[PDB]
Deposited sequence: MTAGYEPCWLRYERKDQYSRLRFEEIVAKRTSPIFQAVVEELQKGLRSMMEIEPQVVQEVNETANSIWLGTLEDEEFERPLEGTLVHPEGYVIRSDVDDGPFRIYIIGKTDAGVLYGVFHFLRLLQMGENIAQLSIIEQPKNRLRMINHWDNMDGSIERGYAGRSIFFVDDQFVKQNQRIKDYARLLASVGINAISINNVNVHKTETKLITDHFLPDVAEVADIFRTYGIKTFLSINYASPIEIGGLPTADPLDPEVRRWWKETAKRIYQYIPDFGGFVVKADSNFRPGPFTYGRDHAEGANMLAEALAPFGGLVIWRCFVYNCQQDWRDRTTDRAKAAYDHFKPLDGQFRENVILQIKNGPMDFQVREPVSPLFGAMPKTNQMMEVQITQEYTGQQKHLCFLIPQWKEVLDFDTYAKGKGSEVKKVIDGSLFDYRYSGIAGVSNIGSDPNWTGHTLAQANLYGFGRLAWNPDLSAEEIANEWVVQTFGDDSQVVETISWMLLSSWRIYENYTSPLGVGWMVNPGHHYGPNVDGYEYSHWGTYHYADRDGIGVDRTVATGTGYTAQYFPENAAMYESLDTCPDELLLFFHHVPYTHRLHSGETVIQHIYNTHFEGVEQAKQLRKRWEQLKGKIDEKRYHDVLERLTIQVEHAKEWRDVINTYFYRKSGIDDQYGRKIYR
């Protein structure tokens, strides 16, 4: 009913197989059961072998050994260096007897990730004769956030309906949930919130006895795949379902209500992860976010639960007339002052940028500014402002730019990745979360190639140091095979896609210029006079938001001195973010040599030609990809080309109508 995505386990030819007679499973836990089944599935499908599962090594059999450090009958130096619970070592026995592969994890979860790594090597056709691998994830929390609603809809979902809910109830078919867990575990994802951060009427009841049995059934599946389950909660629950007159976090009964709620949840789900919170709320009663988050943290504390508090807070009622108020400054001004006031099990979840997942946004100043408060970054896998899976947009390159951004919080070498992996400030709980891009569609992600974004998110979550090139390579090979043309072509498409999409959408980092509401397609003035604080200020002479300290909102001062100075200066501010930081004349000359207005025309005309090239390159792969997927993607690429033409012309015409400056190259701009 649906695709296996990157876990194809395609049958190998007669010259690429392995000889194994047994799988030695040293443990019988639920996770080990799933681990063994996955190994059996992979070996059967790829190698056409069915090794017997045993609990003790056969001295003369070729085997794959699965176990933890305590199960070892010696313990070599390599695995001895393992300190992370989810870490593992994979090594081939150096002796000259039977062939033995040892997958040693610090804990059961480690064995799971180790087996998926082993299977990845097999799918990639790597030589496993002399393996010596040690892997430990950099981020403690590698999470997925679902924006699924219980009526089946998914907020900002472009890949079909929810696979969890339908008709305000849980789906009765859990097989797809198991396969989803397999996909998530294959890339190391260890945490998931199953419901929309915008908690509506029915969803508010997920923390009650009426739905907890179903939530537990789902959590049971995820647990076997090393994934902790979380629920997004309605801060007003005490009122809506608690029967209390207030939701004030300082009200004695409200505090008690949440403690009892936590206790109730843990009776159903002993290892419940905690709550994801989008915040009647704290401010409603004059309380700050520390007071609001700490109350929930205290309820979960005795049970080891975590409170994931989203920092996506700003004035959703800003006056477009007031150029002194800057939405981009909101998150930092709200949370920076609260550093050191949060309980230890509270993690502030901050979007990669200070605005709202635009094609390009500078890094949120909050990263590196709160040494005493756990932080985790939230990225959006679903392409809300990046093509909505109609346009191709491999998000990994962008995420790496964010992760590798040096905040200089503690001098050079204070990259965002070091902030969220917890090494820079010694955070007890930290990591990264991604807004799911899946749905009921057979190909899971709407656009077949968007499967690469989910896979890629997991890879970066595990190790931010992985290159975009190798992640793309891994995904393409596992999903489409090793034909050099197929690999090179699809890898190029993925690696080039983000820049291509940015080229014909919003210019030089100013963002937006999208249709209000659904957010798909060009509409330069869409939110220009709205109350959302998302303005470009384009007029007949220039464009851009002055965020400088010298003459603007002073947003640049939120960064540490090194980056603040870079953006503050009109001369040093990078072209790609120029309009986010400075208001400049259309004739302003960029580092590229292009005037701002000509840059707009250039990238929009040229971006469409690049999109046409994406389609052309794909068409050249006909015959090397199964017809179904070939046409599924071709269909989307054609949709992309046609819509790109709309983006190009709408933006070019809008700016020609305002600037009065013609295209240097005389290309077609409709009057």
Deposited-sequence stretches lacking C-alpha coordinates, listed in sequence order: 1-3, 283-287
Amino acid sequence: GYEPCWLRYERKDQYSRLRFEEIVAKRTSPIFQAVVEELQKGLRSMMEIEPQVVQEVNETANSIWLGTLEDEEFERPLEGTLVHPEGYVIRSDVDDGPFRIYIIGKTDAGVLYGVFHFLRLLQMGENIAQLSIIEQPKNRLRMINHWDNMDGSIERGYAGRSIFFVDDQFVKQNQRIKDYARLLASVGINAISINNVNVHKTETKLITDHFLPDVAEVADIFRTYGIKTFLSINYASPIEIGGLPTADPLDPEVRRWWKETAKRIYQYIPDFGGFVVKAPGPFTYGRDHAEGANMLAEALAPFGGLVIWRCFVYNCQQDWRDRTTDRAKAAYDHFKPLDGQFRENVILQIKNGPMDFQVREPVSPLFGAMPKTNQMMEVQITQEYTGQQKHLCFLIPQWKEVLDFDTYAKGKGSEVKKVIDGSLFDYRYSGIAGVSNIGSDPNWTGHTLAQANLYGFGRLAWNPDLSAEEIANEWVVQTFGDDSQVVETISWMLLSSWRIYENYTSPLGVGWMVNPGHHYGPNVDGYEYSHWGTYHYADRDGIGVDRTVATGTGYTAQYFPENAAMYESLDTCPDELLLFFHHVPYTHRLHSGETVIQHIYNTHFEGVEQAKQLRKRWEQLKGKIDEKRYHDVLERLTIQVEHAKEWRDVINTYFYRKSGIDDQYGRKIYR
From here on, numbers count along this sequence of modelled residues.
Given 591-599 and 321-329, the range whose Cα B-factors average higher in the PDB entry: 321-329
379-387 or 214-222, whichever carries the higher mean Cα B-factor: 214-222
Highest-ranked of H582, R156, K372, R499 once sorted by CA temperature factor in the record: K372
Given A550, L454, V416, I396, the residue at which the Cα B factor reaches its maximum: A550
Ranked against its chain, the third holding the CA B-factor of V608: lowest
Ranked against its chain, the third holding the CA B-factor of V633: middle
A25 - Cα temperature factor, lowest/middle/highest third of chain: highest
Entry-reported Cα temperature factor of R256, expressed as the chain third it lands in: middle
Within-chain third of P249 by Cα B-factor, per the entry: highest
